[PDB]
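Shown next: model_21.pdb, containing PDB, N, CA, C and O atoms.
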```
ATOM      1  N   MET A   1      -0.788  14.053   1.560
ATOM      2  CA  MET A   1      -1.162  13.159   2.680
ATOM      3  C   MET A   1      -0.249  11.995   2.857
ATOM      4  O   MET A   1       0.119  11.322   1.896
ATOM      5  N   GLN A   2       0.233  11.659   4.067
ATOM      6  CA  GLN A   2       1.152  10.584   4.278
ATOM      7  C   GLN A   2       0.526   9.380   4.892
ATOM      8  O   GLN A   2      -0.387   9.458   5.713
ATOM      9  N   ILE A   3       0.952   8.204   4.395
ATOM     10  CA  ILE A   3       0.552   6.929   4.904
ATOM     11  C   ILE A   3       1.760   6.122   5.241
ATOM     12  O   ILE A   3       2.821   6.295   4.643
ATOM     13  N   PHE A   4       1.650   5.184   6.197
ATOM     14  CA  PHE A   4       2.656   4.252   6.602
ATOM     15  C   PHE A   4       2.388   2.933   5.962
ATOM     16  O   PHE A   4       1.255   2.457   5.921
ATOM     17  N   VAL A   5       3.468   2.324   5.440
ATOM     18  CA  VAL A   5       3.406   1.006   4.888
ATOM     19  C   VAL A   5       4.263   0.188   5.790
ATOM     20  O   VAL A   5       5.491   0.234   5.732
ATOM     21  N   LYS A   6       3.649  -0.624   6.669
ATOM     22  CA  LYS A   6       4.350  -1.499   7.556
ATOM     23  C   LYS A   6       4.746  -2.770   6.888
ATOM     24  O   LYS A   6       3.960  -3.536   6.334
ATOM     25  N   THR A   7       6.039  -3.140   6.928
ATOM     26  CA  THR A   7       6.417  -4.391   6.345
ATOM     27  C   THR A   7       6.217  -5.547   7.265
ATOM     28  O   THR A   7       5.694  -5.326   8.356
ATOM     29  N   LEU A   8       6.742  -6.733   6.913
ATOM     30  CA  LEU A   8       6.753  -7.822   7.839
ATOM     31  C   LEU A   8       7.758  -7.654   8.927
ATOM     32  O   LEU A   8       7.476  -7.645  10.124
ATOM     33  N   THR A   9       9.054  -7.501   8.597
ATOM     34  CA  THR A   9      10.031  -7.536   9.641
ATOM     35  C   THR A   9      10.046  -6.420  10.629
ATOM     36  O   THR A   9      10.549  -6.604  11.737
ATOM     37  N   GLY A  10       9.518  -5.226  10.310
ATOM     38  CA  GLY A  10       9.392  -4.105  11.188
ATOM     39  C   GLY A  10       9.884  -2.811  10.636
ATOM     40  O   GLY A  10      10.173  -1.871  11.374
ATOM     41  N   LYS A  11       9.965  -2.662   9.301
ATOM     42  CA  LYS A  11      10.365  -1.488   8.589
ATOM     43  C   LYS A  11       9.125  -0.689   8.388
ATOM     44  O   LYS A  11       8.121  -1.274   7.982
ATOM     45  N   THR A  12       9.032   0.624   8.668
ATOM     46  CA  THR A  12       7.910   1.473   8.413
ATOM     47  C   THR A  12       8.364   2.365   7.308
ATOM     48  O   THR A  12       9.368   3.066   7.429
ATOM     49  N   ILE A  13       7.581   2.363   6.215
ATOM     50  CA  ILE A  13       7.880   3.188   5.087
ATOM     51  C   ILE A  13       6.821   4.233   5.005
ATOM     52  O   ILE A  13       5.634   3.926   4.920
ATOM     53  N   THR A  14       7.214   5.517   4.920
ATOM     54  CA  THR A  14       6.306   6.620   4.858
ATOM     55  C   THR A  14       6.228   7.104   3.452
ATOM     56  O   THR A  14       7.183   7.651   2.902
ATOM     57  N   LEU A  15       5.042   6.992   2.827
ATOM     58  CA  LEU A  15       4.798   7.468   1.502
ATOM     59  C   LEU A  15       3.982   8.714   1.509
ATOM     60  O   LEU A  15       3.263   8.962   2.476
ATOM     61  N   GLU A  16       4.036   9.544   0.451
ATOM     62  CA  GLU A  16       3.254  10.720   0.229
ATOM     63  C   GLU A  16       2.343  10.415  -0.910
ATOM     64  O   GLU A  16       2.825  10.405  -2.042
ATOM     65  N   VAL A  17       1.041  10.312  -0.588
ATOM     66  CA  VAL A  17      -0.031  10.036  -1.494
ATOM     67  C   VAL A  17      -0.982  11.183  -1.483
ATOM     68  O   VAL A  17      -1.063  11.974  -0.545
ATOM     69  N   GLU A  18      -1.796  11.325  -2.542
ATOM     70  CA  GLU A  18      -3.003  12.092  -2.542
ATOM     71  C   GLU A  18      -4.099  11.169  -2.129
ATOM     72  O   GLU A  18      -3.933  10.035  -2.575
ATOM     73  N   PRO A  19      -5.159  11.458  -1.433
ATOM     74  CA  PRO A  19      -6.094  10.398  -1.200
ATOM     75  C   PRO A  19      -6.911  10.003  -2.381
ATOM     76  O   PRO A  19      -7.604   8.988  -2.332
ATOM     77  N   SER A  20      -6.741  10.775  -3.470
ATOM     78  CA  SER A  20      -7.364  10.567  -4.740
ATOM     79  C   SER A  20      -6.496   9.695  -5.581
ATOM     80  O   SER A  20      -6.782   9.484  -6.759
ATOM     81  N   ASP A  21      -5.415   9.136  -5.006
ATOM     82  CA  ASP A  21      -4.556   8.156  -5.594
ATOM     83  C   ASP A  21      -4.988   6.737  -5.461
ATOM     84  O   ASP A  21      -5.565   6.293  -4.470
ATOM     85  N   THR A  22      -4.742   5.900  -6.484
ATOM     86  CA  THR A  22      -5.079   4.510  -6.483
ATOM     87  C   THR A  22      -4.102   3.610  -5.807
ATOM     88  O   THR A  22      -2.997   4.055  -5.500
ATOM     89  N   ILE A  23      -4.582   2.407  -5.444
ATOM     90  CA  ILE A  23      -3.786   1.378  -4.850
ATOM     91  C   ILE A  23      -2.613   0.938  -5.656
ATOM     92  O   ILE A  23      -1.493   0.757  -5.180
ATOM     93  N   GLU A  24      -2.807   0.852  -6.985
ATOM     94  CA  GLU A  24      -1.784   0.831  -7.984
ATOM     95  C   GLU A  24      -0.719   1.865  -7.862
ATOM     96  O   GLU A  24       0.469   1.597  -8.043
ATOM     97  N   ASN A  25      -1.085   3.132  -7.597
ATOM     98  CA  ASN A  25      -0.216   4.258  -7.459
ATOM     99  C   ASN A  25       0.571   4.246  -6.193
ATOM    100  O   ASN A  25       1.694   4.746  -6.152
ATOM    101  N   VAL A  26       0.147   3.509  -5.151
ATOM    102  CA  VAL A  26       0.872   3.294  -3.938
ATOM    103  C   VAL A  26       1.949   2.300  -4.204
ATOM    104  O   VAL A  26       3.078   2.466  -3.742
ATOM    105  N   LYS A  27       1.722   1.241  -5.001
ATOM    106  CA  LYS A  27       2.681   0.246  -5.366
ATOM    107  C   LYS A  27       3.754   0.849  -6.206
ATOM    108  O   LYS A  27       4.926   0.494  -6.094
ATOM    109  N   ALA A  28       3.432   1.736  -7.165
ATOM    110  CA  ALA A  28       4.357   2.494  -7.947
ATOM    111  C   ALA A  28       5.375   3.271  -7.185
ATOM    112  O   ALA A  28       6.545   3.330  -7.564
ATOM    113  N   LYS A  29       4.854   3.915  -6.126
ATOM    114  CA  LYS A  29       5.651   4.563  -5.131
ATOM    115  C   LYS A  29       6.553   3.635  -4.393
ATOM    116  O   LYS A  29       7.674   4.000  -4.042
ATOM    117  N   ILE A  30       6.202   2.358  -4.162
ATOM    118  CA  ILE A  30       7.108   1.495  -3.472
ATOM    119  C   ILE A  30       8.179   0.897  -4.317
ATOM    120  O   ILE A  30       9.298   0.614  -3.892
ATOM    121  N   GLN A  31       7.830   0.656  -5.595
ATOM    122  CA  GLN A  31       8.742   0.345  -6.651
ATOM    123  C   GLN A  31       9.809   1.365  -6.846
ATOM    124  O   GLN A  31      10.989   1.091  -7.060
ATOM    125  N   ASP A  32       9.461   2.657  -6.713
ATOM    126  CA  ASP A  32      10.303   3.808  -6.613
ATOM    127  C   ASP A  32      11.121   3.768  -5.368
ATOM    128  O   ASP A  32      12.331   3.977  -5.437
ATOM    129  N   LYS A  33      10.536   3.537  -4.179
ATOM    130  CA  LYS A  33      11.156   3.602  -2.893
ATOM    131  C   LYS A  33      12.094   2.463  -2.679
ATOM    132  O   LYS A  33      13.313   2.594  -2.581
ATOM    133  N   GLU A  34      11.581   1.219  -2.675
ATOM    134  CA  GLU A  34      12.229   0.000  -2.307
ATOM    135  C   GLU A  34      12.696  -0.853  -3.437
ATOM    136  O   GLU A  34      13.700  -1.543  -3.274
ATOM    137  N   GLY A  35      11.953  -0.893  -4.557
ATOM    138  CA  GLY A  35      12.344  -1.599  -5.738
ATOM    139  C   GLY A  35      11.576  -2.860  -5.949
ATOM    140  O   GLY A  35      11.827  -3.681  -6.830
ATOM    141  N   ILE A  36      10.523  -2.944  -5.119
ATOM    142  CA  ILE A  36       9.687  -4.102  -5.201
ATOM    143  C   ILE A  36       8.777  -4.076  -6.381
ATOM    144  O   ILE A  36       8.224  -2.993  -6.573
ATOM    145  N   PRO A  37       8.635  -4.976  -7.308
ATOM    146  CA  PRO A  37       7.638  -4.840  -8.331
ATOM    147  C   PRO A  37       6.204  -4.897  -7.928
ATOM    148  O   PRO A  37       5.922  -5.456  -6.869
ATOM    149  N   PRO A  38       5.242  -4.337  -8.597
ATOM    150  CA  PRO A  38       3.914  -4.419  -8.061
ATOM    151  C   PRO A  38       3.234  -5.740  -8.167
ATOM    152  O   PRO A  38       2.235  -5.965  -7.488
ATOM    153  N   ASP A  39       3.828  -6.683  -8.922
ATOM    154  CA  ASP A  39       3.327  -8.019  -9.014
ATOM    155  C   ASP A  39       3.303  -8.680  -7.680
ATOM    156  O   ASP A  39       2.313  -9.341  -7.372
ATOM    157  N   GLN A  40       4.385  -8.528  -6.895
ATOM    158  CA  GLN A  40       4.444  -9.189  -5.628
ATOM    159  C   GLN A  40       3.653  -8.442  -4.610
ATOM    160  O   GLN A  40       3.214  -9.002  -3.607
ATOM    161  N   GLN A  41       3.494  -7.107  -4.678
ATOM    162  CA  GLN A  41       2.870  -6.351  -3.637
ATOM    163  C   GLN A  41       1.423  -6.519  -3.327
ATOM    164  O   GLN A  41       0.548  -6.161  -4.115
ATOM    165  N   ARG A  42       1.019  -7.147  -2.208
ATOM    166  CA  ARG A  42      -0.347  -7.178  -1.786
ATOM    167  C   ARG A  42      -0.579  -6.188  -0.696
ATOM    168  O   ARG A  42       0.206  -6.166   0.251
ATOM    169  N   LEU A  43      -1.686  -5.427  -0.635
ATOM    170  CA  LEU A  43      -1.845  -4.508   0.449
ATOM    171  C   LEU A  43      -2.972  -4.895   1.345
ATOM    172  O   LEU A  43      -3.991  -5.358   0.835
ATOM    173  N   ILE A  44      -2.827  -4.733   2.671
ATOM    174  CA  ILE A  44      -3.887  -4.926   3.612
ATOM    175  C   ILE A  44      -4.017  -3.748   4.515
ATOM    176  O   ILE A  44      -2.955  -3.251   4.884
ATOM    177  N   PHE A  45      -5.239  -3.276   4.823
ATOM    178  CA  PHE A  45      -5.436  -2.202   5.747
ATOM    179  C   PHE A  45      -6.189  -2.739   6.915
ATOM    180  O   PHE A  45      -5.786  -2.613   8.070
ATOM    181  N   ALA A  46      -7.353  -3.363   6.665
ATOM    182  CA  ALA A  46      -8.139  -3.953   7.705
ATOM    183  C   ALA A  46      -8.402  -5.411   7.553
ATOM    184  O   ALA A  46      -7.749  -6.214   8.219
ATOM    185  N   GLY A  47      -9.309  -5.868   6.672
ATOM    186  CA  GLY A  47      -9.609  -7.250   6.467
ATOM    187  C   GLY A  47      -9.472  -7.701   5.054
ATOM    188  O   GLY A  47      -9.008  -8.816   4.821
ATOM    189  N   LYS A  48      -9.955  -6.956   4.044
ATOM    190  CA  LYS A  48      -9.763  -7.364   2.687
ATOM    191  C   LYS A  48      -8.539  -6.809   2.042
ATOM    192  O   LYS A  48      -7.978  -5.782   2.419
ATOM    193  N   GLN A  49      -8.061  -7.625   1.085
ATOM    194  CA  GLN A  49      -6.925  -7.333   0.267
ATOM    195  C   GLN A  49      -7.290  -6.481  -0.900
ATOM    196  O   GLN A  49      -8.144  -6.779  -1.734
ATOM    197  N   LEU A  50      -6.611  -5.320  -0.950
ATOM    198  CA  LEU A  50      -6.992  -4.185  -1.732
ATOM    199  C   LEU A  50      -6.659  -4.301  -3.179
ATOM    200  O   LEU A  50      -5.560  -4.699  -3.563
ATOM    201  N   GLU A  51      -7.666  -3.980  -4.011
ATOM    202  CA  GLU A  51      -7.506  -4.013  -5.431
ATOM    203  C   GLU A  51      -6.983  -2.755  -6.036
ATOM    204  O   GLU A  51      -7.146  -1.731  -5.373
ATOM    205  N   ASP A  52      -6.339  -2.746  -7.216
ATOM    206  CA  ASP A  52      -5.654  -1.658  -7.842
ATOM    207  C   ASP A  52      -6.503  -0.518  -8.286
ATOM    208  O   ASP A  52      -6.193   0.616  -7.924
ATOM    209  N   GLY A  53      -7.628  -0.709  -8.997
ATOM    210  CA  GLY A  53      -8.577   0.293  -9.373
ATOM    211  C   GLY A  53      -9.568   0.918  -8.451
ATOM    212  O   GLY A  53     -10.728   1.229  -8.710
ATOM    213  N   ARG A  54      -9.085   1.158  -7.218
ATOM    214  CA  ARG A  54      -9.756   1.905  -6.201
ATOM    215  C   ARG A  54      -8.770   2.767  -5.490
ATOM    216  O   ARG A  54      -7.557   2.594  -5.601
ATOM    217  N   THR A  55      -9.337   3.889  -5.012
ATOM    218  CA  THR A  55      -8.549   4.883  -4.351
ATOM    219  C   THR A  55      -8.469   4.691  -2.876
ATOM    220  O   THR A  55      -9.218   3.958  -2.232
ATOM    221  N   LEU A  56      -7.461   5.252  -2.184
ATOM    222  CA  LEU A  56      -7.265   5.358  -0.772
ATOM    223  C   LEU A  56      -8.528   5.878  -0.175
ATOM    224  O   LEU A  56      -8.993   5.297   0.806
ATOM    225  N   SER A  57      -9.143   6.956  -0.691
ATOM    226  CA  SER A  57     -10.376   7.535  -0.257
ATOM    227  C   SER A  57     -11.583   6.662  -0.225
ATOM    228  O   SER A  57     -12.347   6.623   0.739
ATOM    229  N   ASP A  58     -11.757   5.781  -1.227
ATOM    230  CA  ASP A  58     -12.758   4.762  -1.268
ATOM    231  C   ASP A  58     -12.744   3.890  -0.060
ATOM    232  O   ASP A  58     -13.754   3.806   0.638
ATOM    233  N   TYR A  59     -11.579   3.269   0.191
ATOM    234  CA  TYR A  59     -11.259   2.397   1.278
ATOM    235  C   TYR A  59     -11.310   3.026   2.629
ATOM    236  O   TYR A  59     -11.290   2.376   3.674
ATOM    237  N   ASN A  60     -11.309   4.369   2.580
ATOM    238  CA  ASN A  60     -11.359   5.297   3.667
ATOM    239  C   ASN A  60     -10.109   5.298   4.477
ATOM    240  O   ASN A  60     -10.058   5.060   5.683
ATOM    241  N   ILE A  61      -8.952   5.443   3.808
ATOM    242  CA  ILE A  61      -7.664   5.503   4.428
ATOM    243  C   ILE A  61      -7.346   6.934   4.694
ATOM    244  O   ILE A  61      -7.318   7.711   3.741
ATOM    245  N   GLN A  62      -7.080   7.262   5.970
ATOM    246  CA  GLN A  62      -6.876   8.602   6.425
ATOM    247  C   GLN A  62      -5.433   8.955   6.317
ATOM    248  O   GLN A  62      -4.627   8.209   5.764
ATOM    249  N   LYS A  63      -5.106  10.089   6.962
ATOM    250  CA  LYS A  63      -3.786  10.602   7.154
ATOM    251  C   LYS A  63      -3.184   9.760   8.226
ATOM    252  O   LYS A  63      -3.800   9.397   9.227
ATOM    253  N   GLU A  64      -1.906   9.371   8.078
ATOM    254  CA  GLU A  64      -1.050   8.616   8.941
ATOM    255  C   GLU A  64      -1.697   7.316   9.275
ATOM    256  O   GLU A  64      -1.809   6.962  10.447
ATOM    257  N   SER A  65      -2.154   6.539   8.277
ATOM    258  CA  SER A  65      -2.808   5.290   8.515
ATOM    259  C   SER A  65      -1.785   4.250   8.207
ATOM    260  O   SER A  65      -0.853   4.577   7.473
ATOM    261  N   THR A  66      -1.842   3.085   8.874
ATOM    262  CA  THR A  66      -0.940   1.995   8.662
ATOM    263  C   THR A  66      -1.527   0.923   7.811
ATOM    264  O   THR A  66      -2.524   0.279   8.134
ATOM    265  N   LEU A  67      -0.891   0.684   6.649
ATOM    266  CA  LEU A  67      -1.139  -0.399   5.751
ATOM    267  C   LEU A  67      -0.046  -1.382   5.991
ATOM    268  O   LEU A  67       1.052  -1.027   6.415
ATOM    269  N   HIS A  68      -0.319  -2.690   5.825
ATOM    270  CA  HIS A  68       0.508  -3.855   5.898
ATOM    271  C   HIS A  68       0.912  -4.307   4.536
ATOM    272  O   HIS A  68       0.090  -4.308   3.621
ATOM    273  N   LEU A  69       2.221  -4.545   4.338
ATOM    274  CA  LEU A  69       2.579  -4.884   2.996
ATOM    275  C   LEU A  69       2.929  -6.332   3.018
ATOM    276  O   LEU A  69       3.859  -6.758   3.699
ATOM    277  N   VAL A  70       2.128  -7.131   2.290
ATOM    278  CA  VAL A  70       2.406  -8.522   2.100
ATOM    279  C   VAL A  70       3.032  -8.701   0.762
ATOM    280  O   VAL A  70       2.507  -8.251  -0.256
ATOM    281  N   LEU A  71       4.159  -9.431   0.690
ATOM    282  CA  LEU A  71       4.907  -9.828  -0.462
ATOM    283  C   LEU A  71       4.382 -11.141  -0.933
ATOM    284  O   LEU A  71       4.462 -12.115  -0.187
ATOM    285  N   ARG A  72       3.738 -11.145  -2.114
ATOM    286  CA  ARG A  72       3.171 -12.279  -2.775
ATOM    287  C   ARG A  72       4.234 -13.185  -3.292
ATOM    288  O   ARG A  72       5.159 -12.849  -4.029
ATOM    289  N   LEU A  73       4.141 -14.484  -2.955
ATOM    290  CA  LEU A  73       4.890 -15.456  -3.689
ATOM    291  C   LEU A  73       3.967 -16.119  -4.652
ATOM    292  O   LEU A  73       4.055 -15.807  -5.837
ATOM    293  N   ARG A  74       3.036 -16.935  -4.127
ATOM    294  CA  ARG A  74       1.977 -17.584  -4.837
ATOM    295  C   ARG A  74       0.737 -17.002  -4.252
ATOM    296  O   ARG A  74      -0.079 -16.427  -4.972
ATOM    297  N   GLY A  75       0.672 -17.226  -2.928
ATOM    298  CA  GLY A  75      -0.547 -17.108  -2.189
ATOM    299  C   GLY A  75      -0.615 -17.832  -0.888
ATOM    300  O   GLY A  75      -0.579 -19.056  -0.780
ATOM    301  N   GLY A  76      -0.814 -17.060   0.194
ATOM    302  CA  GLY A  76      -0.887 -17.500   1.554
ATOM    303  C   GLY A  76      -1.211 -16.303   2.436
ATOM    304  O   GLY A  76      -1.367 -15.164   1.922
TER     305      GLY A  76
END
```
Please render this file's structure as structure tokens.
Amino acid sequence: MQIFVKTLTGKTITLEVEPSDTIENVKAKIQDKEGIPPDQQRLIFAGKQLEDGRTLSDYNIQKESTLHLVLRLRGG
């Protein structure tokens, strides 16, 4: 299953996830893809900021869904 990770500036990154994959496992994939560590990576889909020990399926993220990738500095 593929999901889109939309960055800030306008880069769309297409990842291949299982929906039985964790939010942690999406960050791992981006560390692989882009080189970003998961420390900085915050994810947003709708309103809340997604925690690591839950799956895409929990959150109810479908096929070809757009997640927003926020790069953590401190917090904002």
At a cut-off of 8 Å from (5.5, 10.9, 2.7) in the coordinates of the file, what residues are picked up using all atoms listed in the file, written as a list in words? residues 1, 2, 3, 4, 13, 14, 15, 16 and 17 of chain A
Any chance you could list, as a tab-separated table (two decimals) with N, CA, C and O atoms, in the coordinates of the input, the residues in chain A that come up strand (DSSP E or B) when DSSP is run on the backbone?
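Generated file (selection27.tsv):
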```tsv
chain	number	residue	atom	x	y	z
A	2	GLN	N	0.23	11.66	4.07
A	2	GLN	CA	1.15	10.58	4.28
A	2	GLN	C	0.53	9.38	4.89
A	2	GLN	O	-0.39	9.46	5.71
A	3	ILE	N	0.95	8.20	4.39
A	3	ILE	CA	0.55	6.93	4.90
A	3	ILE	C	1.76	6.12	5.24
A	3	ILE	O	2.82	6.30	4.64
A	4	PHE	N	1.65	5.18	6.20
A	4	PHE	CA	2.66	4.25	6.60
A	4	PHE	C	2.39	2.93	5.96
A	4	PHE	O	1.25	2.46	5.92
A	5	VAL	N	3.47	2.32	5.44
A	5	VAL	CA	3.41	1.01	4.89
A	5	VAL	C	4.26	0.19	5.79
A	5	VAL	O	5.49	0.23	5.73
A	6	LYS	N	3.65	-0.62	6.67
A	6	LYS	CA	4.35	-1.50	7.56
A	6	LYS	C	4.75	-2.77	6.89
A	6	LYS	O	3.96	-3.54	6.33
A	12	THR	N	9.03	0.62	8.67
A	12	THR	CA	7.91	1.47	8.41
A	12	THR	C	8.36	2.37	7.31
A	12	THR	O	9.37	3.07	7.43
A	13	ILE	N	7.58	2.36	6.22
A	13	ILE	CA	7.88	3.19	5.09
A	13	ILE	C	6.82	4.23	5.00
A	13	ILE	O	5.63	3.93	4.92
A	14	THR	N	7.21	5.52	4.92
A	14	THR	CA	6.31	6.62	4.86
A	14	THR	C	6.23	7.10	3.45
A	14	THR	O	7.18	7.65	2.90
A	15	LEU	N	5.04	6.99	2.83
A	15	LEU	CA	4.80	7.47	1.50
A	15	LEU	C	3.98	8.71	1.51
A	15	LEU	O	3.26	8.96	2.48
A	16	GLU	N	4.04	9.54	0.45
A	16	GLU	CA	3.25	10.72	0.23
A	16	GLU	C	2.34	10.42	-0.91
A	16	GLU	O	2.82	10.40	-2.04
A	22	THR	N	-4.74	5.90	-6.48
A	22	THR	CA	-5.08	4.51	-6.48
A	22	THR	C	-4.10	3.61	-5.81
A	22	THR	O	-3.00	4.06	-5.50
A	41	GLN	N	3.49	-7.11	-4.68
A	41	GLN	CA	2.87	-6.35	-3.64
A	41	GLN	C	1.42	-6.52	-3.33
A	41	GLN	O	0.55	-6.16	-4.12
A	42	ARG	N	1.02	-7.15	-2.21
A	42	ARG	CA	-0.35	-7.18	-1.79
A	42	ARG	C	-0.58	-6.19	-0.70
A	42	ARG	O	0.21	-6.17	0.25
A	43	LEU	N	-1.69	-5.43	-0.64
A	43	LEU	CA	-1.84	-4.51	0.45
A	43	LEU	C	-2.97	-4.89	1.34
A	43	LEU	O	-3.99	-5.36	0.84
A	44	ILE	N	-2.83	-4.73	2.67
A	44	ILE	CA	-3.89	-4.93	3.61
A	44	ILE	C	-4.02	-3.75	4.51
A	44	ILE	O	-2.96	-3.25	4.88
A	49	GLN	N	-8.06	-7.62	1.08
A	49	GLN	CA	-6.92	-7.33	0.27
A	49	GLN	C	-7.29	-6.48	-0.90
A	49	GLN	O	-8.14	-6.78	-1.73
A	55	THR	N	-9.34	3.89	-5.01
A	55	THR	CA	-8.55	4.88	-4.35
A	55	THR	C	-8.47	4.69	-2.88
A	55	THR	O	-9.22	3.96	-2.23
A	66	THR	N	-1.84	3.08	8.87
A	66	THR	CA	-0.94	2.00	8.66
A	66	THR	C	-1.53	0.92	7.81
A	66	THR	O	-2.52	0.28	8.13
A	67	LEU	N	-0.89	0.68	6.65
A	67	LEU	CA	-1.14	-0.40	5.75
A	67	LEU	C	-0.05	-1.38	5.99
A	67	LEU	O	1.05	-1.03	6.42
A	68	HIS	N	-0.32	-2.69	5.82
A	68	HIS	CA	0.51	-3.86	5.90
A	68	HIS	C	0.91	-4.31	4.54
A	68	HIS	O	0.09	-4.31	3.62
A	69	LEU	N	2.22	-4.54	4.34
A	69	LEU	CA	2.58	-4.88	3.00
A	69	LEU	C	2.93	-6.33	3.02
A	69	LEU	O	3.86	-6.76	3.70
A	70	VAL	N	2.13	-7.13	2.29
A	70	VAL	CA	2.41	-8.52	2.10
A	70	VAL	C	3.03	-8.70	0.76
A	70	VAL	O	2.51	-8.25	-0.26
A	71	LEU	N	4.16	-9.43	0.69
A	71	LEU	CA	4.91	-9.83	-0.46
A	71	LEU	C	4.38	-11.14	-0.93
A	71	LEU	O	4.46	-12.12	-0.19
```
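Taking CA of residue 31 in chain A and CA of residue 73 in chain A as endpoints, the distance between them is 16.5 Å.
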Quick check, in Å to one decimal: how far apart do atom O of residue 22 in chain A and atom N of residue 59 in chain A lie?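 Atom N of residue 59 in chain A lies at a distance of 10.3 Å from atom O of residue 22 in chain A.
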One-decimal distance in Å that lies between atom C of residue 27 in chain A and atom O of residue 51 in chain A: 11.2 Å
Please identify all polymer residues within 10 Å of residue 75 in chain A, counting only C-alpha atoms, omitting same-chain residues fewer than 4 positions from it, and present them as a ChimeraX atom specification. /A:40,42,71
Applied to this file, what does the PyMOL selection byres ((chain A and resi 46) around 8) return in terms of residues, put as a ChimeraX atom specification? /A:43-45,47-50,59,66-68
Writer output for current selection, N, CA, C and O atoms, as a CSV table (one decimal), keeping the file's coordinate frame:
```csv
chain,number,residue,atom,x,y,z
A,43,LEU,N,-1.7,-5.4,-0.6
A,43,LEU,CA,-1.8,-4.5,0.4
A,43,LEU,C,-3.0,-4.9,1.3
A,43,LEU,O,-4.0,-5.4,0.8
A,44,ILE,N,-2.8,-4.7,2.7
A,44,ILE,CA,-3.9,-4.9,3.6
A,44,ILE,C,-4.0,-3.7,4.5
A,44,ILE,O,-3.0,-3.3,4.9
A,45,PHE,N,-5.2,-3.3,4.8
A,45,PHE,CA,-5.4,-2.2,5.7
A,45,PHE,C,-6.2,-2.7,6.9
A,45,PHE,O,-5.8,-2.6,8.1
A,47,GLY,N,-9.3,-5.9,6.7
A,47,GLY,CA,-9.6,-7.2,6.5
A,47,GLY,C,-9.5,-7.7,5.1
A,47,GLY,O,-9.0,-8.8,4.8
A,48,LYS,N,-10.0,-7.0,4.0
A,48,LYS,CA,-9.8,-7.4,2.7
A,48,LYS,C,-8.5,-6.8,2.0
A,48,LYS,O,-8.0,-5.8,2.4
A,49,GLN,N,-8.1,-7.6,1.1
A,49,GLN,CA,-6.9,-7.3,0.3
A,49,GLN,C,-7.3,-6.5,-0.9
A,49,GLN,O,-8.1,-6.8,-1.7
A,50,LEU,N,-6.6,-5.3,-1.0
A,50,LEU,CA,-7.0,-4.2,-1.7
A,50,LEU,C,-6.7,-4.3,-3.2
A,50,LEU,O,-5.6,-4.7,-3.6
A,59,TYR,N,-11.6,3.3,0.2
A,59,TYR,CA,-11.3,2.4,1.3
A,59,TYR,C,-11.3,3.0,2.6
A,59,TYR,O,-11.3,2.4,3.7
A,66,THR,N,-1.8,3.1,8.9
A,66,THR,CA,-0.9,2.0,8.7
A,66,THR,C,-1.5,0.9,7.8
A,66,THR,O,-2.5,0.3,8.1
A,67,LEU,N,-0.9,0.7,6.6
A,67,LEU,CA,-1.1,-0.4,5.8
A,67,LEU,C,0.0,-1.4,6.0
A,67,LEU,O,1.1,-1.0,6.4
A,68,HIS,N,-0.3,-2.7,5.8
A,68,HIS,CA,0.5,-3.9,5.9
A,68,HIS,C,0.9,-4.3,4.5
A,68,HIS,O,0.1,-4.3,3.6
```
Using the chain letters and numbers from the file, which residues does the PyMOL selection byres ((chain A and resi 7) around 7) grab, as a PyMOL selection string? chain A and resi 5-6+8-13+67-70
Next, dump the selected residues to file, keeping only N, CA, C and O atoms, as a short mmCIF file (atom, residue, chain, number, x, y, z; two decimals), in the frame of the given file.
```
data_model
loop_
_atom_site.label_atom_id
_atom_site.label_comp_id
_atom_site.auth_asym_id
_atom_site.auth_seq_id
_atom_site.Cartn_x
_atom_site.Cartn_y
_atom_site.Cartn_z
N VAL A 5 3.47 2.32 5.44
CA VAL A 5 3.41 1.01 4.89
C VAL A 5 4.26 0.19 5.79
O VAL A 5 5.49 0.23 5.73
N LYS A 6 3.65 -0.62 6.67
CA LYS A 6 4.35 -1.50 7.56
C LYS A 6 4.75 -2.77 6.89
O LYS A 6 3.96 -3.54 6.33
N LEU A 8 6.74 -6.73 6.91
CA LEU A 8 6.75 -7.82 7.84
C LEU A 8 7.76 -7.65 8.93
O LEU A 8 7.48 -7.64 10.12
N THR A 9 9.05 -7.50 8.60
CA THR A 9 10.03 -7.54 9.64
C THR A 9 10.05 -6.42 10.63
O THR A 9 10.55 -6.60 11.74
N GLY A 10 9.52 -5.23 10.31
CA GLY A 10 9.39 -4.11 11.19
C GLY A 10 9.88 -2.81 10.64
O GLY A 10 10.17 -1.87 11.37
N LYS A 11 9.96 -2.66 9.30
CA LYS A 11 10.36 -1.49 8.59
C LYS A 11 9.12 -0.69 8.39
O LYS A 11 8.12 -1.27 7.98
N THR A 12 9.03 0.62 8.67
CA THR A 12 7.91 1.47 8.41
C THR A 12 8.36 2.37 7.31
O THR A 12 9.37 3.07 7.43
N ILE A 13 7.58 2.36 6.22
CA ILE A 13 7.88 3.19 5.09
C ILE A 13 6.82 4.23 5.00
O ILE A 13 5.63 3.93 4.92
N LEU A 67 -0.89 0.68 6.65
CA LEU A 67 -1.14 -0.40 5.75
C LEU A 67 -0.05 -1.38 5.99
O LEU A 67 1.05 -1.03 6.42
N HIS A 68 -0.32 -2.69 5.82
CA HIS A 68 0.51 -3.86 5.90
C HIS A 68 0.91 -4.31 4.54
O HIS A 68 0.09 -4.31 3.62
N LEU A 69 2.22 -4.54 4.34
CA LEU A 69 2.58 -4.88 3.00
C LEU A 69 2.93 -6.33 3.02
O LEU A 69 3.86 -6.76 3.70
N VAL A 70 2.13 -7.13 2.29
CA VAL A 70 2.41 -8.52 2.10
C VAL A 70 3.03 -8.70 0.76
O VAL A 70 2.51 -8.25 -0.26
#
```
Determine, counting all atoms listed in the file, which protein, DNA and RNA residues have an atom within 6 Å of an atom of residue 23 in chain A; residues of the same chain fewer than 2 positions away are not included. Present the result as JSON, numbers by chain. {"A": [21, 25, 26, 27, 28, 51, 52, 53, 54, 55, 56]}
So which bits of chain A end up alpha helix (DSSP H) when you DSSP the backbone, as a PyMOL selection string? chain A and resi 23-33+56-59
Using all atoms listed in the file, which of the listed residues (A:20, A:58, A:64, A:72) sits closest to residue 37 in chain A?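 Comparing A:20, A:58, A:64, A:72 against residue 37 in chain A, the winner is A:72.
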